[PDB]
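*Asks:* Build the 3D model from these lines:
(8 chains, ligands or ions: 1)
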Amino acid sequence: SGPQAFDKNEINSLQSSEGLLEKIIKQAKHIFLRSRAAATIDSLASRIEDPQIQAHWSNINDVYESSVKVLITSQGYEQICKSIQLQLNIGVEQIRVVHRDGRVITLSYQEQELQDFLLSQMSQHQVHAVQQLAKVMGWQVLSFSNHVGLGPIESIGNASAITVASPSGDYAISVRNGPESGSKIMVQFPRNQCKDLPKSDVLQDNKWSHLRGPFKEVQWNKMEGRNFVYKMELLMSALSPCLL
Amino acid sequence: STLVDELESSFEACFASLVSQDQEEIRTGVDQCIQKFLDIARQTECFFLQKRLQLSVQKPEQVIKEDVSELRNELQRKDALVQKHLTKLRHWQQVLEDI
Amino acid sequence: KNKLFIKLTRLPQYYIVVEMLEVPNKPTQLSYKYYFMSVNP
Amino acid sequence: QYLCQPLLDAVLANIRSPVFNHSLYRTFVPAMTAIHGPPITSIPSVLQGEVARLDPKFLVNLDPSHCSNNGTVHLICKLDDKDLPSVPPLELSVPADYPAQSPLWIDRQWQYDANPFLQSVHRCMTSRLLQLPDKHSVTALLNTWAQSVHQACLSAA
Amino acid sequence: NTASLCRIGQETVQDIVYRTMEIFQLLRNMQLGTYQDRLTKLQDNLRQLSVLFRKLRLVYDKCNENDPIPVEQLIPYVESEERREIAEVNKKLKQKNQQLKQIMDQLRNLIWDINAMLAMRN
Amino acid sequence: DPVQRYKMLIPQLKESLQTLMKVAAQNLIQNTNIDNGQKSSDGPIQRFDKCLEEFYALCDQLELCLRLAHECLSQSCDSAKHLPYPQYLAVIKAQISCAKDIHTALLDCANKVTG
Amino acid sequence: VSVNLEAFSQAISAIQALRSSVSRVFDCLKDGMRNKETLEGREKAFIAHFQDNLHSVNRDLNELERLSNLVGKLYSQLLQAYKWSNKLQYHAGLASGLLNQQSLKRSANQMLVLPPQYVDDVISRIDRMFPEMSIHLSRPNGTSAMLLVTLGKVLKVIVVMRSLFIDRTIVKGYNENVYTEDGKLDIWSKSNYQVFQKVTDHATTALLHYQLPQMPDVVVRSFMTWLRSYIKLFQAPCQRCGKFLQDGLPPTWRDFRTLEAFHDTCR
Amino acid sequence: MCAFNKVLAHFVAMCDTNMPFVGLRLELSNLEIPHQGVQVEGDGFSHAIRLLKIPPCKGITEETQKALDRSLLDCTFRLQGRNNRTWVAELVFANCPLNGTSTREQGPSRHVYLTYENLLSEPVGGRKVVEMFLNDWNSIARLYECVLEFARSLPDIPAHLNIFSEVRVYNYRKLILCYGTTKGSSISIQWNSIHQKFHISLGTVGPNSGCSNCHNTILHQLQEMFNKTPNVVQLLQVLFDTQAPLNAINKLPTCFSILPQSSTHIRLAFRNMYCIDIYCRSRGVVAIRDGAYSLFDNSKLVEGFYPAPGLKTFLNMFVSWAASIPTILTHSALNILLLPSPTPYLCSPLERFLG
Ligand SMILES: [Zn+2]
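*Replies:* Numbers count the residues shown, from 1 in each chain, chains lettered A, B, ... in the order given. Structure data below:
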């Protein structure tokens, strides 16, 4: 410390006798907090089956640190939807979350925080899956809002939305997923294809029967598929020119 | 006609600049060939999905048969994993007993 | 004097200002007031 | 400019002669044709665009009354929405040369009396009309109308 | 049966594009014994791709043989022993998954204990 | 040499451009002085067409030299990209045969797909 | 060298442009004045076209002169194979890029174990390039290799792998003691400064971002390529706000795929 | 658990998704493009700016502007992408003049998706986004003029061109004609408003042609001939004439150097001493000459080329200073004169002559 000149912090760090009780209580705190985090992740993997959720605990721990990697992928599309991955750094009284896209969030030791966080991340996954699926099927992504700001107020976190268009024009598909009120999904037909559309006498040309004026809503149960993205893929294929 | 054959023709068209007897010619040819190739691939996938949708609404017992098959493969795969793990555990018990 | 300035970072010159006030009868509740400031020393 | 100036001086000296292109032809075509070879081998549709893109809340139709197929056009709209209450139909007078100018709302004060609620609709609507930017569309008027109906529902209850 | 043939036909088109991408990567890396090895890999990839095309035409003919309902009539807008077989296998792998969760939890706890006890020895 | 030929050809090119523009202006002024009613000396009018083709000949020499030098330098770059002379001929026939093998593999299997 | 290739192709197009522009001057003068309704308008059009053509000739001559200032200096079967090889290589590069941008693979399913010697060979191969990065492998705890990547006089990164796949990273400053009392690596610490905790967070997003499923060599190579860009910390300004300091922080975000500096508040 | 304060999160999300449109509304109003205001679009969970009339254009006929502004239906702007700074304009046109062999032969409403991203400086709705949009609309207009002329001339076409080429792609931003007997080659025309030119780009798409397009030697003069007079049938005529000569000329060795002059005036140069002009002409006829001589003073010779003795007699077999006058051929005698036959090493006839 004399010749290689040290600051206050290194000097105090060399001489800091922390008792046995503080060390043992910090270890027991980390054990309990880590067990609670594992329990909430496994409870979400048991209860919710709609996206999916995975975990990969690290090989190496300290007495005051562990780590996971949480993926949230849909069931049969693990190459498409790889856009929501987390890393949690379970300290002594804090869980520090690093997202894939550079968002760092420090939670607290309660197990309601981690539950609401992972619920909001499943809700955002249900939209990023449709965006990267419309990337594959050639559909054109008209609008995408990661945290939408119109409509009813969601309790847990914000809600996300896209709208994509069919590659040959006519049909459109809008998804709005939220963590408490999930998946209001609705197609948009062209005009001259609703036929309950009350026509107006101002339109005197037939060129305006090609714009997509009407909007109907798909009932999401009774749609065939054992998944969400599977149902979206069947819905996207249904609104294509029937190639046979 | 017969989207398979358009897929075959477009795939053979991707290679047409190489198999015969600078940069921008190669670039525009590659872009047009690859775009038509992927477009016909997506149309073929759309055809198979439309046919699967019509089967899943008309003849739903086939879907249940495939689900039965997949759950049975999940069962057999789980048992294979646990058997390999159990053999490794017994080997490690025999190792750790000998200290 | 109990306020919170939330600057939007994708577009600066835009602030959401939360002012917290005491509701008079309930001593364990707060009342929020949200303002929208804009800014150009 | 540089290395090209005497051509520019000759041609700018000799503009406005009627035999100019004759002079250019005689001095330039034999050289070029020797080297390069021989030569070469009712309603304005802006309103239809607005009406075709409206939300199915509105039900815009032309007035049976008023001049038709002439400069300005006249509209009687409607409002259908479970959330919103039934309201007086609203009358619009769209000028010819519709963009670059603002349409006018034909005011009917007498039907916006005889209720407190329609009075609140009317007051709030004139307020948002004063708040509007200039050269607004038809859809700006219709959306201020729907927002005015919504505020007059909320302010009342 | 046929509703798994559609799945196989989708997988063939998904494999053809990926295989062409791998072919173009092999042609990217080829620098004028490993010469002959890259030749063998190229020829084998091309063989498998021709097999995939023949299989695809087979699956196309099989599914196109075996429609009375047009699409866009199939989407819900707003306004029997095999089921018991499904329930049987569902209950079976419910129990299997819970036992697998117990095995996984005990392995996690053993790994955490080993790392903690070995971390404190220094 | 091609860089130095290029340096040789540049001022000749500027000279041909100067003479071409001045001779064009002289011939145009003479033809306008005949076409409009004007006296003008016949003189050493020095025809336009020879200057135009001379300029084209100089541009052909320039593009010839540059295409030659560019082919030479691209040639040397790919030659360095790829010590007894029979060892040279062995690796050269090796390279030719290997490229032939890639080409015939691609052709035979792109034909083996259909037709 | 390639700069001579580019300058020669450039000056080739300069000669072609000069010749065509001279011929365009004389062709537009051959046709003569057009009609163009207004007499004033036709005079204006003819004068403008002639002036533009003359200016284009002057520009082409000037560009040729500038290239002159900047210029520097059975057998056919082999050259044919050489040309066809370069053609196939460039064609395959473009087609591979276009196809792996848009893959149709949805799942790996249809219808990790590595020798540590292989890990050492891979990481020494990465250490041979990037002469300012030194990577020092060690294995204090089993097969999981731990790497100290020093970076200039700027960073010391502790990378904790697991079977040749990056798992955890910790970025500390140069002077900071990365060693414990016993001289082992301090795998679990933080770096006393705001900047390097931000760079640990960005490095964890970097290892979450560069994920190929199977092949891990591209992952480690790309992670080190991204990490190499941090040598211009404290010297690069932010590409959004221009300044160096937002809330007393340098731009800690080197963006993936285009290694540009940003303050993370400027996304 | 009421510790979330949902109202503040809603207000922050609402400001951050709505306020990008306000700058766009101001920048649209400064260039006086009439638009309906920022509106909720269809479903509740979106936003859009729909234009009404994009300001006419600069430098196209009024027939083309009346044909554009009766073919447009809608030009919405939407905001998408992460950071919420990627605009996409969705133009939708009715009454498309010509279809393609790509299956856009459906209902006559084509959708063109333009996408813009401003930098991280110069904020999300700026002068730059609307300037890029006006340049893209200008490009669509200045190619729609040529497409209107071509689709007008399509029923009365010289009928050998009608076998020669069919249209592959018309996006309103490109025009990709695919020509050849086997339809293996392709031109692509596109206005480029940086240089304010057209760009002709050549490619080989189809399994019967050479290793190149074979018009790539004459590409610069093709682009210049198109920029002087933008007519597609002129372009098809030039390709139809010069394809059969150039397909032979590109099979020459390289000794032989190919300087294209003006289009249809390829000029070959053997080593350095010998020159030979080639003029493609109509009806499968090519006239060749001596090169080194003048087209003016017969006695004088060109600067770098020495005259070839006996050239006239050799050309006559296929059919003093009298090499200077041209000698027409058939394109088949040009095939024989240029494709390498073994000798009456596989050299050409012509290079045997000059050798
Ligand atoms: Zn910044």
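*Asks:* Surely residue B:14 touches residue G:98?
*Replies:* No. Residue B:14 is beyond contact range of residue G:98, at 10.3 Å (criterion: Cβ atoms under 8 Å). C-beta here means a position set from N, CA and C on the backbone, and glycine is covered the same way.
*Asks:* Could you pull out the buried residues of stretch A:32-47?
*Replies:* A:33, A:34, A:36, A:37, A:38, A:40, A:41, A:44 (16 or more other Cβ atoms under 10 Å in any protein chain shown).
*Asks:* Looking at those residues, which is nearest chain G?
*Replies:* Chain G lies nearest to residue A:34 out of the buried residues of stretch A:32-47, by Cβ to the nearest Cβ, at 14.1 Å.
*Asks:* Relative to the whole chain's centre, how far out is whatever helix or strand the closest one lives in?
*Replies:* Element membership for residue A:34 (DSSP states H and E) is helix A:20-47. Taking Cα atoms, centre = their mean, to the nearest Å, the mean C-alpha location of helix A:20-47 is offset from the chain mean by 24 Å.
*Asks:* which secondary structure elements does that helix contact?
*Replies:* Contact analysis of helix A:20-47 by 3 or more Cβ pairs under 8 Å, 6 or more residues apart in numbering or on different chains; DSSP states H and E lists strand A:54-55, strand A:85-90, helix A:113-136, helix E:81-119 as its packing neighbours.
*Asks:* what angle do it and helix E:81-119 make?
*Replies:* 160 degrees (axes from the mean of the first three to the mean of the last three Cα atoms, to 10 degrees).
*Asks:* Please work out which residue of chain D is closest to chain A.
*Replies:* residue D:52 (4.0 Å).
*Asks:* what's near enough to touch that residue?
*Replies:* Residue D:52 makes contact with A:191, A:203, A:208, A:211, A:213, H:73, according to Cβ atoms under 8 Å, 6 or more residues apart in numbering or on different chains.
*Asks:* hmm, try it at 7 Å
*Replies:* A:203, A:208, A:211, A:213 (Cβ atoms under 7 Å, 6 or more residues apart in numbering or on different chains).
*Asks:* One more: residue B:78?
*Replies:* Residues in contact with residue B:78, defined by Cβ under 7 Å, 6+ apart, are E:96, E:100.
*Asks:* again, but for residue D:76
*Replies:* Contact analysis of residue D:76 by Cβ under 7 Å, 6+ apart lists D:61, D:63, D:89, D:91.
*Asks:* Repeat that for residue H:179.
*Replies:* Neighbours of residue H:179 in contact, by Cβ under 7 Å, 6+ apart: H:164, H:165, H:185, H:239.
*Asks:* These in helices, which ones?
*Replies:* Among the contacts of residue H:179, DSSP state H puts H:164, H:239 in helices.
*Asks:* ok, now how distant is the residue in chain D positioned nearest to chain B from residue H:214?
*Replies:* With Cβ to the nearest Cβ, the shortest gap between chain D and chain B falls at residue D:41, namely 24.5 Å. Going from residue D:41 to residue H:214 by Cβ to Cβ, to the nearest Å gives 19 Å.
*Asks:* The two - which one has more neighbours?
*Replies:* residue H:214 (24 against 15; other Cβ atoms under 10 Å in any protein chain shown).
*Asks:* about what we covered before: which residue lies closest in space to the residue of chain D closest to chain A, excluding its sequence neighbours?
*Replies:* residue A:208 (4.0 Å; Cβ to Cβ, 6 or more residues apart in numbering or on different chains).
*Asks:* and the gap between that neighbour and residue D:53?
*Replies:* 9 Å.
*Asks:* swap in residue H:177?
*Replies:* 35 Å.
*Asks:* Please, which helix or strand holds whichever residue of chain B sits closest to chain A?
*Replies:* Relative to chain A, the nearest point of chain B is residue B:49 (3.6 Å; Cβ to the nearest Cβ). Element membership for residue B:49, per DSSP H and E: helix B:23-58.
*Asks:* got the angle between the helix or strand that comes right after that helix and helix B:23-58?
*Replies:* Scanning forward in sequence from helix B:23-58 by DSSP H and E, the next helix or strand is helix B:61-96. Orientation of helix B:61-96 against helix B:23-58 (the same axes, to 10 degrees) gives an angle of 110 degrees.
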